[PDB]
């Protein structure tokens, strides 16, 4: 049936019988999830007007969706305004408990298109799904730059096979893309502003430490901590392979233009890379741009023998420090 819900509670109660679910100007109650899990296959979900959330310090998610063959869209002029500044305290995962925004867990063979998201209190999309596509999704957390936003990852991917992120537009304060695990991930045409870049990892110490076949391309990173990043955990085991960064342009980079390091311990680099996580088939093709004078252009800190078979074409990162601490990287590459 075609259903239109004006409350989160009504949506949760009636969703199953709806072939079309129009969410009209729903203000999600404090500490509650707009629960759109268990949707019937083929359901179309349309966000209308402005979706808001009442304030409460909690872990989220503000919205959770699951089901197979779900088509999520937003009506013209819609906006999902999380007004995250109410939570932002410059501490992100620390300090006030801030809710994760959208759980796309088990939202299989589904698409989310054109959603306009604003000021997520913490991470935006948590992806743990198969054959999921995010097209023309805009995550505007620009306000977080000056209002204390942190750990406002745009797309966190784990335990997902077949993830397509097409033309996302992101202005946040953490990873534009963060893949802790997954296979067949495609991120293309993205605008990544203010965050931590397009990252694989940190990989290791999870139930799934395999990242395979990730293509990040035609993306532009601006005013971010890093542009191209692959991190693996010290002493951890796992596999990172078939990673392609192609046609990546960067500028306003504060820390690293390109960084692939395997020395993350307790969330911090140590300078001592390990080799339990293999990093194979890394292809950088046309990765160019500038970084800050204080940033390191390229940093490749591989464990012994763990990094193999790379392709390095037209990687030209300028304006920063040229690292003299790189090691164990395939000779085709260079810092």
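Positions refer to the first chain, counted from 1.
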| property | result |
| --- | --- |
| Comparing 182-190 with 261-269, the one whose average Cα B-factor in the PDB entry is higher | 261-269 |
| Selected stretch [higher average CA B-factor]: 290-298 or 63-71 | 290-298 |
| Residue, from 33, 304, 43, 280, that the PDB entry assigns the highest Cα B-factor | 304 |
| Given 84, 238, 168, 158, the residue at which the Cα B factor reaches its maximum | 238 |
| Lowest, middle or highest third - CA B-factor, residue 229 | lowest |
| Assigned third (lowest, middle, highest) for the C-alpha B factor of residue 50 | middle |
| Ranked C-alpha temperature factor of residue 204 among modelled chain residues, by third | highest |
| Third of chain Cα B-factors occupied by residue 150 | middle |
| Residue 97 - which third its CA temperature factor falls in, relative to the rest of the chain | highest |
